[PDB]
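Working notes for the structure below.
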Amino acid sequence: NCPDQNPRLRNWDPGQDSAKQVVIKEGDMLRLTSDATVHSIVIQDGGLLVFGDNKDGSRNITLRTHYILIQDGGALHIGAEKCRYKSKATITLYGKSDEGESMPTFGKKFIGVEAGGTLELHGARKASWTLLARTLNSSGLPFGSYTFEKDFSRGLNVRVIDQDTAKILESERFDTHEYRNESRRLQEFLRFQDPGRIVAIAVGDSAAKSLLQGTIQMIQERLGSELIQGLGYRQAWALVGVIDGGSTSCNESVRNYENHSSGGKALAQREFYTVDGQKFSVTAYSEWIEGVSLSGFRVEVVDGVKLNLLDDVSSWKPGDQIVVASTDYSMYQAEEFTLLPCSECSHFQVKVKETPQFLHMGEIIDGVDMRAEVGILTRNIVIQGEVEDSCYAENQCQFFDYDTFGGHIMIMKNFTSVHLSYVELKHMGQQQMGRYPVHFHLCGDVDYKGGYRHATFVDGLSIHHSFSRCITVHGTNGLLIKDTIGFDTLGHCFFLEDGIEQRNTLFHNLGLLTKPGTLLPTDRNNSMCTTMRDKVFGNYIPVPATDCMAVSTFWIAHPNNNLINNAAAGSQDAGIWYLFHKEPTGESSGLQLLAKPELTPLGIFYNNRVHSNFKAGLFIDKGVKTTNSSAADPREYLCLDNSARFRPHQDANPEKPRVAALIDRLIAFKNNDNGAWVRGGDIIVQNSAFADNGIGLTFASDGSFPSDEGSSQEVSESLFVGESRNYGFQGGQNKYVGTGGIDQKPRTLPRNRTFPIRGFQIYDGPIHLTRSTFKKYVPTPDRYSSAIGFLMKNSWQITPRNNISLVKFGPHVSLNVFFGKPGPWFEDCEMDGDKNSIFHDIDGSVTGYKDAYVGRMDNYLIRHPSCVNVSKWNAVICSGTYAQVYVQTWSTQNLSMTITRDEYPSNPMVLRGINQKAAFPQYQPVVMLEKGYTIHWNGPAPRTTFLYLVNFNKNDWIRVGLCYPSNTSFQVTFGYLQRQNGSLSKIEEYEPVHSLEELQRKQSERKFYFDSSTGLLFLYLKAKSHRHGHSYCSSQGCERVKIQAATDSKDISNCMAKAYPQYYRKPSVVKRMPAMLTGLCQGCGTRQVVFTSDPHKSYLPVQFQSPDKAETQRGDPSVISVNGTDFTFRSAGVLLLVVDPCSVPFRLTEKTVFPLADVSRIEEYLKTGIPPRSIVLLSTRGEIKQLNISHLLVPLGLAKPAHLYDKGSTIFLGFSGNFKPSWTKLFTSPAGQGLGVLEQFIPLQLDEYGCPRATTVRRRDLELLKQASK
Ligand SMILES: *[C@@H]1O[C@H](CO[C@@H]2O[C@@H](C)[C@@H](O)[C@@H](O)[C@@H]2O)[C@@H](O[C@@H]2O[C@H](CO)[C@@H](O[C@@H]3O[C@H](CO[C@H]4O[C@H](CO)[C@@H](O)[C@H](O)[C@@H]4O)[C@@H](O)[C@H](O)[C@@H]3O)[C@H](O)[C@H]2NC(C)=O)[C@H](O)[C@H]1NC(C)=O
Ligand SMILES: *[C@@H]1O[C@H](CO)[C@@H](O[C@@H]2O[C@H](CO)[C@@H](O[C@@H]3O[C@H](CO)[C@@H](O)[C@H](O[C@H]4O[C@H](CO)[C@@H](O)[C@H](O)[C@@H]4O)[C@@H]3O)[C@H](O)[C@H]2NC(C)=O)[C@H](O)[C@H]1NC(C)=O
Ligand SMILES: *[C@@H]1O[C@H](CO)[C@@H](O[C@@H]2O[C@H](CO)[C@@H](O[C@@H]3O[C@H](CO[C@H]4O[C@H](CO)[C@@H](O)[C@H](O)[C@@H]4O)[C@@H](O)[C@H](O)[C@@H]3O)[C@H](O)[C@H]2NC(C)=O)[C@H](O)[C@H]1NC(C)=O
Ligand SMILES: *[C@@H]1O[C@H](CO)[C@@H](O[C@@H]2O[C@H](CO)[C@@H](O[C@@H]3O[C@H](CO[C@H]4O[C@H](CO)[C@@H](O)[C@H](O)[C@@H]4O)[C@@H](O)[C@H](O)[C@@H]3O)[C@H](O)[C@H]2NC(C)=O)[C@H](O)[C@H]1NC(C)=O
Ligand SMILES: *[C@@H]1O[C@H](CO)[C@@H](O[C@@H]2O[C@H](CO)[C@@H](O[C@@H]3O[C@H](CO)[C@@H](O)[C@H](O)[C@@H]3O)[C@H](O)[C@H]2NC(C)=O)[C@H](O)[C@H]1NC(C)=O
Ligand SMILES: *[C@@H]1O[C@H](CO)[C@@H](O[C@@H]2O[C@H](CO)[C@@H](O)[C@H](O)[C@H]2NC(C)=O)[C@H](O)[C@H]1NC(C)=O
Ligand SMILES: *[C@@H]1O[C@H](CO)[C@@H](O[C@@H]2O[C@H](CO)[C@@H](O)[C@H](O)[C@H]2NC(C)=O)[C@H](O)[C@H]1NC(C)=O
Ligand SMILES: *[C@@H]1O[C@H](CO)[C@@H](O)[C@H](O)[C@H]1NC(C)=O
Ligand SMILES: *[C@@H]1O[C@H](CO)[C@@H](O)[C@H](O)[C@H]1NC(C)=O
Ligand SMILES: [Cl-]
Ligand code: NI
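Heads up, the sequence shown is in the deposited numbering, so the first residue is 112 and it goes up one at a time.
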């Protein structure tokens, strides 16, 4: 099975001749056995070059070549998919851009597969990437590294160290030189110390002058010091001991004072273990150097740092490198680590050499899986480009101060077999077009539709520190990419080029640190986009937001592609970008689309993660300018064009039915702008969680009529979070930090500190927000945070069909909805869209009114006297029927429309139009059905106007009164406007009447009344045909009315001086009010309690509530919540829950509560009463003195009998069994302070627990993997 175990292989050894060219032709079945340096290698005519492997994995081979050119049946094998390569091989691609000559199709520094070429590489199978099963605070410690040093801190400097957490509890300086009162506060300091607290001391300047014998006795007693009895003048001394630890828990030293020097330091150092197995050393010192008396401490991690992971990583080896991602807004918080030899590590742990500088989440935070991804980079098959210490030549050096010209791999069409697996690709790619670390160029169908038995696959590579892209797909369908890692590369990491690439499946792939590039406009950052005008027209200055700044980790230029189990852990702009090309571009720019892209239904999208990005997590909009730079459109070719309207239909056929695009199990957090932006017709986002984003989710469509007739936009079974317990880390270019909304803690923020954080944004529509839950949305005095809101600075449409249903709000959600105010982010808040903000509360889950509509407070076109003023939301709650009217005006530009309802004439609405850049500006206010309005202008009357009835049911109607000069003839026509072909069908004319009263009798007749006194052209707008679903227009078209005026009066057509109070009617109520219902519905919210990226493993949400003294007086109980079960208890004592770890849903086998009296009986029950393999949940309440259980916690998980002590409450989660999980934890506190509200997540049905495998765990992801294969 092995390719090197081929007997026909000759052993090869060419030498070190950088000018020796090599050609492997027919019969040349060579087996490389030693390091080599040749100019080139060309494998052709059936030649074979296999790397020689060993049964043990020791033969380190390093090839070095200007290039390798595989073609015409030639083969290059480094192991086989069945008999994999075991030693460490390396192919170094060298040669500068301007050194020697270059190839025609290829550049230099490459490995190039051609037609019929065989490139077969298969490295050592390792584990690609998993998640942190435990968090990792900076500097390796739970509460961080302490370093201190100061000159002339005279006296006895003291520090206390929590023996379980290595936290600095107290820091004090007792001037036992001058003041005898100080040697007295020092002795009383050591009397009230908890036993077992690590203590360190260091003489500052000169102690031993006012020091008392009662204190020197206390030091010898509490800490086991043998030398304190004889401290002297200007004598340095440092100690590190354990309170009540006897003499053997102590380590001390001393130095004399001679010739103004101590001849060296006086160091005291011991090692301890956190209760988490992490080792740390407490260090203290005091010395004299030529006169200075320094004194310092250092509490730091020692013997490497032990990391916790989700899955088994036994395949990782010392001397290999890994990477831990950012769990904060700045992607530059990802870090590199080198694996230490660890004999004491389990299957879910390794040891890293370095000290972490940042914070990396390893827990599920408030139901959102914020665990940091962790991936291995070192392989045994390496293909690397040779680079320089700094930039050179015209390799884009004004932007990069380093070499950006490495190697690249390139595979042409009609090849034989490409199968790359477990290969390391360092310093690959060039800043030249087509030169990418793995470049599949125009290969066509490469699966069962192209003729490949083994579909061409890329399995678990490692492409890091590359100079352009990571893997590029150039006009290739059906490719597979699996378990691959792309780190610190330029331009879009994973790249779908021309927008024709379909059937490609991306499974469980990871991408970090996607930095700006210089290739495409979309790849450039703000500085590069304003510089490279070499491809723009004339003196045009490119705009860096509308044409560039589109750096994405996953660039999907076509939707028919399957994205599963991936994770975009950081990017300069976006994490996953789905976009659409109007017609094929690039080198594929030519063949006609037989299925235009923005009509093709989305492939699979299931269980993805996106975080650490500045512009978006998942983005679905925009296109590429499919035209070169010209005089009518000077934008660069392939820049960003916001004129793409997704609208998926069957077979990409707009005459055929709609096909919804499913966004499933998206997890997205710590994004600076949007968590997800999705536009078009028929999109359903479900089972998704959004957290710590500036805006959680936004649904778009079009600004006038929807991009696809009948466009529903659903979000169901989702979860939103505002400011979770992921306080982030103020570092790694984290540009924003502020005050939390709830706890008012220092945390990192997405944008400026006054940005109103938002959960869901309403825009365009029609949008169905259902069965979703919002948590932790509190505003600060700076910003107006809210759960549900609207898009800022909106001027377009908003429909009253946007309904929010079955939504649940958390206890820390103070502002359910908000409509904006004049401020820094809303500006006027006075544009055409801001004024017409509205949604529909179907069931009464948002406002407490079954079937009620909500809009902005000062919008008087929707108000009847039964409404409820709401000032906090800046809104108003009412009920009725509502639609919209679109008013197009010609002949007059920059015109501002003023429309008023008769019933509230003192409250008109001045609109400013929609096309203040085009020639046909329309105005789109929202109205209440079966009412009368009037319209007036800030200028002369338009000679032609169209009235569209949008969202009208049959027989729904309003009366309208247009202001015209007293001197006008009219000609009014109705018709059905067919959206498809611009034709007007079934046209009817209007006939005048004598009075407003005669037209009222003829309400369903095509009649109009003109009041020459006021100038009002009255008529009735009534719909004849029916609607269907959510389409804005009727069955037989978009009903519209056309009014052709004939006048020469240039006067401001504003009749309100004359129209009222002549046509005033007393305000009435068509649809009356219900009553409130503060008390949530049964069913409100999302069914799922926790959203993880391993949906197959069931996670048990557990939540505690241990009040304090002011709350125990006020009566608040102590509660242990399990999946939503409040096991309440208020007696002073202990509540112990025994949960079966194999039951899903959980089966709690025993609940027990121990009073303060029978506290002594918990010793016994813990020793025996706990069934084997049983999850222990335990929380106390009140002053519990002497809990002789400090030692009884270790078999359940702990490392050493930690010290709760005193009378403080405690909370513990453990396991009675052989295994010792990573989630086991403990929370101690002083009495009366309590523990507040914490939240843990316990996985269930793990084979570590000792549970049987009832059935095979239904991995829904892998089912989508085998379905999309064939
Ligand atoms: C329908 O009725 C309106 C209203 O006319 C009313 O009744 C008469 C009796 C007068 O009292 C008016 O003041 C009332 O408002 C008519 O509008 C006015 O029409 C008259 C006659 O056409 C206009 O008087 C002229 O105005 C000229 C100014 O406009 C000219 O100059 C500009 C300058 O650029 C030029 O661009 C434009 O094309 C015009 O040619 C003025 O030069 C001239 O000497 C004469 O006085 C009066 O100005 C009109 N009002 C306004 C606001 O313009 C309508 O004309 C009438 N319909 C039709 C079809 O005629
Ligand atoms: C804007 O300018 C860019 C250049 O900066 C320009 O891109 C060029 O487009 C042409 C499109 O024809 C590309 O030419 C192709 O070259 C490949 C091989 O290199 C050929 O195989 C292609 O022909 C195939 O397609 C035909 C149609 O089916 C078949 O009949 C034929 O037999 C072949 O199968 C094609 O000739 C050219 O490579 C690019 N160049 C670059 C640098 O991208 C772009 O077209 C300009 N914009 C517009 C709108 O034209
Ligand atoms: C633009 O596209 C629109 C949508 O395709 C066109 O809309 C029109 O919509 C009406 C609906 O009110 C269609 O009415 C159809 O009526 C036929 C009945 O005719 C049948 O019988 C006669 C024999 O008497 C036969 O000659 C016909 O071919 C039919 O077989 C029904 O079968 C339909 O279900 C439907 O009710 C119109 O047909 C339809 N127009 C067309 C051209 O189909 C709009 O007309 C288009 N405008 C332009 C300018 O092309
Ligand atoms: C914690 O509490 C949660 C409360 O929501 C639990 O989550 C849900 O628990 C219910 C328990 O009834 C599960 O319902 C199961 O559904 C599966 C699958 O059938 C589904 O599909 C069919 C149609 O094919 C439909 O008719 C069913 O109603 C289901 O919707 C069945 O095999 C079971 O018999 C049972 O009906 C939910 O599926 C589950 N929600 C999920 C998994 O998202 C949770 O289990 C509790 N325990 C934990 C988290 O450990
Ligand atoms: C490790 O993670 C923890 C948890 O987020 C971080 O702990 C926080 O550290 C800050 C230090 O600036 C504490 O602020 C101060 O705490 C003292 C002691 O109670 C208090 O008297 C001050 O008023 C101030 O609040 C903060 O309390 C603490 N978190 C909590 C919940 O108390 C820590 O910063 C992370 N990193 C390291 C290196 O420890
Ligand atoms: C790749 O090679 C195949 C095989 O030669 C080409 O497929 C065609 O296969 C049919 C089978 O009946 C032959 O009759 C044709 O002569 C083959 N060639 C052509 C041009 O049709 C295929 O065209 C090749 N593709 C490329 C891009 O070279
Ligand atoms: C938003 O509300 C509209 C109107 O209330 C809903 O449209 C109704 O849908 C039902 C189907 O369940 C139809 O039977 C009714 O005829 C529709 N019109 C009504 C009640 O006036 C719509 O389903 C809601 N959701 C969306 C996304 O539009
Ligand atoms: C309700 O709010 C509007 C908005 O300004 C205000 O004009 C009106 O007086 C208020 N009425 C009541 C009864 O609060
Ligand atoms: C429990 O521990 C305390 C230590 O504070 C000790 O005094 C007491 O005697 C212990 N309990 C029993 C029953 O000995
Ligand atoms: Cl209970
Ligand atoms: Ni290519």
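Backbone N, C-alpha and C fix where the C-beta goes; we use that ideal spot for every residue, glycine too.
{"Item": "Three-way DSSP call (helix, strand, coil) for residue 300 in this model", "Value": "helix"}
{"Item": "Beta-carbon spacing of residue 761, residue 794 below 8 Å", "Value": "no"}
{"Item": "Test item: CB-CB of residue 902 and residue 872 under 8 Å", "Value": "yes"}
{"Item": "Beta-carbon contacts of residue 225 that lie in its chain and below 6 Å, excluding the five residues immediately before and after", "Value": "182, 523"}
{"Item": "Heavy atom of ligand 5 within 7 Å of residue 835 beta-carbon", "Value": "no"}
{"Item": "Distance between residue 861 and residue 785 (C-alpha atoms, nearest Å)", "Value": "10 Å"}
{"Item": "N- and C-terminal bounds of the alpha helix (DSSP H) containing residue 820", "Value": "Neither: residue 820 is in no alpha helix (DSSP H) and is coded neither H nor E."}
{"Item": "Which of helix, strand or coil DSSP assigns to residue 328", "Value": "helix"}
{"Item": "Residue 324, buried or exposed, once every other Cβ within 10 Å from all chains shown has been counted against 16", "Value": "exposed"}
{"Item": "Minimum length 3: unbroken beta strand (DSSP E) runs contained in the region 1088-1132", "Value": "1095-1100, 1118-1122"}
{"Item": "heavy atom of ligand 6 below 7 Å from residue 524 C-beta", "Value": "yes"}
{"Item": "Coarse secondary structure for residue 294, derived from DSSP in three states", "Value": "helix"}
{"Item": "Residue 912: CB within 7 Å of a non-hydrogen atom of ligand 7", "Value": "yes"}
{"Item": "Cβ-Cβ separation, residue 1055 to residue 1002 (assumed contact under 8 Å), whole Å", "Value": "7 Å"}
{"Item": "Proximity test, residue 698 beta-carbon vs ligand 2 heavy atom, cut-off 7 Å", "Value": "yes"}
{"Item": "Residue 1328 Cβ short of 7 Å to ligand 11 heavy atom set", "Value": "no"}
{"Item": "Inter-residue spacing [alpha-carbon to alpha-carbon] between residue 1243 and residue 729", "Value": "50 Å"}
{"Item": "Nearest-angstrom Cα separation, counted from residue 322 out to residue 400", "Value": "24 Å"}
{"Item": "Residue 304 beta carbon near ligand 9 (any heavy atom closer than 7 Å)", "Value": "no"}
{"Item": "Beta carbon shell of ligand 5 at less than 6 Å from a heavy atom", "Value": "248, 249, 250, 254, 255, 838"}
{"Item": "Segment contact, 8 Å Cβ cut-off, at least three pairs: the region 392-411 with the region 345-354", "Value": "yes"}
{"Item": "Cutoff 7 Å; reference residue 1255; Cβ partners in own chain excluding five residues on either side", "Value": "1209, 1355, 1356"}
{"Item": "Where residue 587 falls, given that 16 or more other Cβ within 10 Å makes a residue buried", "Value": "buried"}
{"Item": "The region 192-199 in contact with the region 161-176 per 3-pair CB rule at 8 Å", "Value": "yes"}
{"Item": "Touch test, the region 470-482 against the region 242-251, Cβ-Cβ under 8 Å, three pairs minimum", "Value": "yes"}
{"Item": "Reduced DSSP category for residue 1275 - H, G, I as helix; E, B as strand; rest coil", "Value": "helix"}
{"Item": "Exercise answer, beta-carbon shell around ligand 1 heavy atoms below 6 Å", "Value": "1076, 1078, 1158, 1159, 1160, 1161, 1162"}
{"Item": "Inter-stretch contact (C-beta, 8 Å, three-pair minimum) for the region 807-816 and the region 899-914", "Value": "yes"}
{"Item": "Beta strand (DSSP E) segments (min. 3 residues) lying fully within the region 328-415", "Value": "347-353, 362-366, 378-384, 390-400, 403-412"}
{"Item": "Euclidean distance between Cα positions of residue 433 and residue 570", "Value": "18 Å"}
{"Item": "Identified DSSP bridge partners for residue 772", "Value": "794"}
{"Item": "Helix, strand or coil at residue 479 according to DSSP, with G and I counted as helix", "Value": "strand"}
{"Item": "Residue 1044, DSSP secondary structure in three states", "Value": "strand"}
{"Item": "Residue 1234 Cβ short of 7 Å to ligand 4 heavy atom set", "Value": "yes"}
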